[PDB]
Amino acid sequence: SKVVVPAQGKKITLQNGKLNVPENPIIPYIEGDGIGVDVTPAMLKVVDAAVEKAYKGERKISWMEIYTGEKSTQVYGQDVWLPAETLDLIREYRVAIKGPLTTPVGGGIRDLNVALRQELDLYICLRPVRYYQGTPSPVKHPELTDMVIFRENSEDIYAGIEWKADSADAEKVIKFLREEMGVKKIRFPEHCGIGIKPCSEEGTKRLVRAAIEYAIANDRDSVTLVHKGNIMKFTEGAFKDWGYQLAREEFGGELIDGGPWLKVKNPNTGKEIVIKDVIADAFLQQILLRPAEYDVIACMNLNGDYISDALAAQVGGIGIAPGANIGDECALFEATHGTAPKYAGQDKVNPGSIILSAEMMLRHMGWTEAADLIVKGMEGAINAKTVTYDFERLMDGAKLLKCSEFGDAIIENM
């Protein structure tokens, strides 16, 4: 209705689990707020370039701008931050990609990135972090990190089930909890806010199954379940138990030693994947001290968030971290950083993040060659020290490029 669907271009179809991608698919993209206006032109350019090179003119993406965030209020009228047709169109066109989004305060509105996740039930937040040779890093050995994060998107304290201190609602559930449930452990029942943390069996096993299948599909060496289960027995504890249970029941897992850990034999390469767990506060330490011991990670919503952020800073890629949100019916790839208004429009921020989320998009579509050319580009650009401001401030002897130019530096290294 305000989106214009492209005249040339065909829809990706879902033929029972499998994507059936046409050679000219229509891909919805949400430009993003703030620096979205800078990073997204770069991405459309380096992806067009990479598919123009990969298939020598045969395949072409018909990009179709859909709207969310702040720009959506400028297109549909100041009150609509998330159009009902964005949800329909992502659902319909099957894969989309987006820039950073702004949720306003003062409006009673919850996180629009999280709204997209839950409203489209894109229950897998996949966060691949690896080191790219050359990026300035805070740590002595960033090349040791090559992990893939399977963060559960649909439950946990991120669902947003909460009530205000002094509201009637809060008053009511604290009353229920103390009176009917008999809780004595709320230290100050007056002027107290309550949040609800749900973890379900169907919730963790659809994530873990994703995680282990990824490890087989790519011969990763293990799957670590990270949780804060010693303290949060019935949710985090639950998550680990149900995760282990699935590796045993659906993937034939067997105990190594006298447990806890399991072995899963990869039905394609013969190699054994270790299913193991580590408590989430110690894990924060283990990724810094022993990173090469960890590889595919599976975790609930909140931890997954903290872990991915932490991992991305260690390897120097806070501005180049990619992300995908994946469900059973459509997928959403995304720049994993903020809108950075201070700089918006100055063509100067790094477009790494959203570009690499676009090679994940490309890979997901089976356009392996195109995706492989973007990471070919990235490594080359980075390695050529032909970098954008944020990496140049920390490198000695690099060439400062603008955003669009790092775009071009990626196509020149392809």
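In case it trips you up, residue 1 is the first one in the sequence shown, and so on.
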{"query": "Higher-B stretch (mean Cα B-factor, as the entry records it), 78-86 or 207-215", "finding": "78-86"}
{"query": "Residue stretch of maximal mean CA temperature factor, 50-58 vs 37-45", "finding": "50-58"}
{"query": "Which of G108, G195, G243, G323 ranks first by CA B-factor in the deposited coordinates", "finding": "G108"}
{"query": "C-alpha B-factor winner, where the candidates are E293, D257, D277, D305", "finding": "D257"}
{"query": "Within-chain third of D156 by Cα B-factor, per the entry", "finding": "lowest"}
{"query": "Where the record places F251 (Cα B-factor, split into thirds across the chain)", "finding": "middle"}
{"query": "Ranked against its chain, the third holding the CA B-factor of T224", "finding": "lowest"}
{"query": "Third of chain Cα B-factors occupied by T145", "finding": "lowest"}
{"query": "Chain-wide C-alpha B factor ranking for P138, given as lowest, middle or highest third", "finding": "lowest"}
